[PDB]
């Protein structure tokens, strides 16, 4: 029963729930389902639901997801990939959306802005959610995680030295392969913004674009003012607010 999954936290009035290690906010509305995924918090800051305020006044159904809860000594998330390095976490997010949302998948929109954009794509490309509107996702996931936390990377690489560099490359290409194995025949509505001064994520975007091209998937991109900063974030929020409206 949904209310027995409550964790006791409340965020801007919204009660937090947890199911199979997957923490989420849920509010039942009408007409559209908005889904947001959490981005990478600063070191020692708890994971945040992002882009609640953008929909507080809305009448839409709203869900907001956090990342996994491990490694415990740097619990900032493993990029929506399980510690078994498979889809188990995405699978749970999918069940939650499919059973609580009151709209079909074409009236559902996935949002997220860094790690959160990667989460949005991983879910959308696995389970065919067509509308994905994200900012500056990472493409080489393990390369990036290495710059932010050895604790998380080493947790995900595993204890066996023989498989660490294998797991490294598997994590690194985890998103790219989701593109390589997605449906191609779906009418995707993927929008990816990125700050014009975000040199690092513009090169990540080129990498993602190539993989879509190989798969014959058209996406929309838009450079916005700013870099890897809140100027870009501010413009991302205005961008997705117009697309949904």
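Positions refer to the first chain, counted from 1.
- When 73-81 is weighed against 159-167, 159-167 comes out higher, by mean CA B-factor as recorded in the entry.
- Higher mean CA temperature factor, per the PDB entry, when comparing 212-220 with 45-53: 212-220.
- The residue among 200, 65, 40, 26 whose C-alpha atom has the highest B-factor in the PDB entry is 200.
- Residue-level temperature factors show residue 36 in the lowest third of its chain, judged at the C-alpha atom.
- In the deposited entry, the Cα temperature factor of residue 91 sits in the bottom third of values across the chain's modelled residues.
- Per the PDB record, residue ranking by Cα B-factor puts residue 98 in the lowest third of the chain.
- In this PDB entry, the Cα temperature factor of residue 185 sits in the top third of its chain's modelled residues, the highest group.
- When all modelled residues of the chain are sorted by CA temperature factor, residue 177 is found within the middle third.
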